[PDB]
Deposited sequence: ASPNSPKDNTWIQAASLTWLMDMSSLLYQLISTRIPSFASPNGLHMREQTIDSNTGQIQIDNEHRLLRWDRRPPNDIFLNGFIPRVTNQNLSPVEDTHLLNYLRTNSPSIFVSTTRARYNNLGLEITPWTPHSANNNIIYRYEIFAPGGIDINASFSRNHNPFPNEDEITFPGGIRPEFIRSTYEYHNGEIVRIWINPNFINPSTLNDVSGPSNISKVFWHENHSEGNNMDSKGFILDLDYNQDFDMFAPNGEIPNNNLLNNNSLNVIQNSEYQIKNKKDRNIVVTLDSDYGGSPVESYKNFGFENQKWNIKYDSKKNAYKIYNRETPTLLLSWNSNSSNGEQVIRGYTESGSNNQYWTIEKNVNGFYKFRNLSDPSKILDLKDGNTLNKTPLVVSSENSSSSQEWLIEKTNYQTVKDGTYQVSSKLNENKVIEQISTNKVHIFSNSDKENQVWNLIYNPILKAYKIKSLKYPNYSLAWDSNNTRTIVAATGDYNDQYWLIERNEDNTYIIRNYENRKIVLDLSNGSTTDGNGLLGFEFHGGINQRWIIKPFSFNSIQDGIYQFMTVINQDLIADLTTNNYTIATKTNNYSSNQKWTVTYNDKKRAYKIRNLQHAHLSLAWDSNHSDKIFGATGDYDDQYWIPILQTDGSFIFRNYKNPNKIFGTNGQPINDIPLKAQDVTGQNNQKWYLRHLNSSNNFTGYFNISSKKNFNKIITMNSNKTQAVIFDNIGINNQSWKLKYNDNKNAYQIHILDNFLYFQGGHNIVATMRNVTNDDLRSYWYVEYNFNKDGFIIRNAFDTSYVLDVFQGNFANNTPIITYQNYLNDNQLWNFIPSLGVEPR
C-alpha cells in the first residue's frame, strides 16, 4: 500500500502477535473510516520509541506511558493488555474503527495509554487522571513500548491530548511497574521482573515509605480488585486536574531481591562464587545461569550499604577480608562476621552503571584483576579507575519469560524452520506447514522457574536432552528435572533454551544446518545463531464459530457454492442463498474446523483424498473434512486439510463463475486464498452516515428536493445527506433511509429512487454493504437483484448527477465510504 507506515514499529508491541506482520493491511483498514478532513496528514505514529544504535526500546521521560486500569498485576503482568477484540478475521466496520472507539469506547483492537507529564526541569507532574481514581481499587501501570499511535497529532475532534493508542494491545514485557491505589492513597509499587530491560528495574520511583515488591504469578496480595475494562482510559472519564509535582524519587536503592552482577567490559561474564566453603574466591566466569552466579542483594538502612549473599550458598557473603595479613586485595565468600568489610555501597554513575565500594574502606572499589575478562580471573578491590572493569550492571533475574500456551519454535537462521516431533521419541528441524506435530505446549513450573515443552499431539512426551547417550535432543516420557528448560530472552527477541539440570547445555541446531530432517543437540552454550530461537504464539482456533461465506481473494463477488452438479463445490456469483453459506465449527480433538453447508447441513466441505483433487459436499465425518485456517498477511485465509496439511482448497488458475474448487499443494498464490464474510457477526453499521464516494470524498449520496431520487452532491451538511442505516439481521442487509424515505432499486441501468411506504420484506429497499480489500472501499449492492450496485452515473461528479444501479466493475464511482453523521 502507498503512503502507509515505513515499518512495523507502530504495532511491534501488540499482544495480538499475529498482527505484527500485517502493517499494510491494518493501516488500510484503520484509514478507510477516517475522512480526509478529520486527519489531513494521516495518523501520526510516535517517533523515537526505539533507538537506532541498538534497536532497544527507549526508556526516558519523553516516552514514558501510563495506563489506568482496574485489573490487578496477577492479571496484567501475566497477560499484558489484551484488546477487547482478539478475532483474527478483522473487519473495518467496528473492530478497527478508531474514531468510534475514541468517541464511544466501542469494542476494538485498541488499547489506550496516556503520556507521563513533566515540567521544564524534568520533575513529574499530575497526569491525565480518571474521575473515579480516588474511589476503591485502581492501578496506575508504567509502560515503555515500541510504536503506538499519537492521537492528538492524528485528529481534530474536540479529548485526551496525551492519549497514545496501541493496535493489538501491549505485551507484558513492556509494563515495568504499577501503583496500587486503595481509595486514592498509594499502598504498593509493583515491579515486573519480566520487563524488557531487567537492569532498569531499580530506576522505578514513587513516594517514600511505600514498599516496592517484585511480582510473581499468583502473588498472594496480587489480585486485589473491586466486585468495561477501558472505562477509566476513556477521555470523557478523566482529565488533567492540575500541574502539581508528584511525590517521587524517594529511594534510589537496590531493592532486596535476586540479581546477577555483570561486568561492563564484558557482559557475558558475571560475579560468581567458585565453591561452597569459607574463603572461596569470588571470580568472573562466563554466565551460564548457575545458582552460584546469582546473589541476593540486601540493603541496610542505617549504614546505607548492602550485603550480597550467594544464592547457591546463602550463608556466604561477598567479602573483602580487610583484617588479613598479606593484605590481600582479592574477594572471597565468608559467613556473616559483623564487620563492615562485607558491606558495599552501591553508587550509580552518569551512564547508569554501578560501582561497588567497600564500607570499611570506601576508597576500595570492586574490580577485576588487571582488568582481565578471562574466565576465573579473581574479583579484586582496587583504587578508582577510568576503566570499565570496575563498572557493573545489576540485573534482576527473571524466569517466567513466556506465557503458558501453544507455540511454534523456529531457528534464528530461518524462521520457517520449526522444531517438529516425528513419531514420538524423535524431533528434528523441518519447513513449517502449520501441523500439530509442529506446535508445542510450554507450561511454566513455579517451583523450578522453568518450562516443560510438551508435544501437542502426544502430551505424555516432552522435549528432553539425551544426556547419558546420544547427547541429542529427543522427546520422552516422565517428569524429571532435566526435562525442564530455562527460557531466556535475548535483546534481538530470540531466546536461549537452556537445560534446567545441566545449565551449560542449550538447544542447538546441529552444525547450523537448516536442511529438512536435521537434528537438534544439547550442546555447550556459546550464544551463536544456531542456539537462538524464535518462540511464536500459535492458535488452532484462529477464527470464531459462526456462519460464513468464503470469498475468493481475486474476485470477492465469487464465493464457495455447493452446486447441484453431483455434489461439487464451485466459485459462483454471490446471491446470499443458503447453499452459499456455511457453518464453521471448531473441534477440540482435531484442532481443526468442520465446514457444513447451511442449506444441506449433512454435507461438509471435503477433499476426495482417496481418489482425486475434488472439493465437494460429503456426508458423515472424516479427517479430510477438517480444515485449519491460516491467516495471511493481507487478511485472507488459507485452509489446510487435516489429513494432509500440505493440501488446501482453492481454484486452478483464475476464479470465474462455476469453476470447481480443487485441492492443491500450498503455493502462496492468490487463487488459494479466501476472505471470510462472517454473516453472523457484530461488525454492522448503526446510526447516521454521509455516504461519500471513493472517487471524491466531498461528493455524497443526496436525496433530491422532491424526495424522488438519489443524486450525488457536495457535502453541505443537510438532512437529505444524512442516511440512517437500519440493519436487518435476517437478511444480512440494510435499509438506507431518511425519515420514511428509502433508497430503492428501480432496475439495472436506472436511477435509484427514494421511496415512501416500504414494507419490511421489500428486497428493493435492502442493500448489502461489502468491503472490498483490494480496491479499499465498500460496494453497496441491491438485495432484490444482487447483480447491481450503487453507481455515480457515467462517473460524472457534477452536482445533481443521479445515482443509478449498474453491474459491479469496482470502478471508483462504485465504491463508497461511510462517514458518521448526525441525525
(request) Mind pulling out the bits of the deposited sequence that never got modelled, as residue ranges from 1? (result) 1, 160 to 163, 233 to 241, 838 to 841
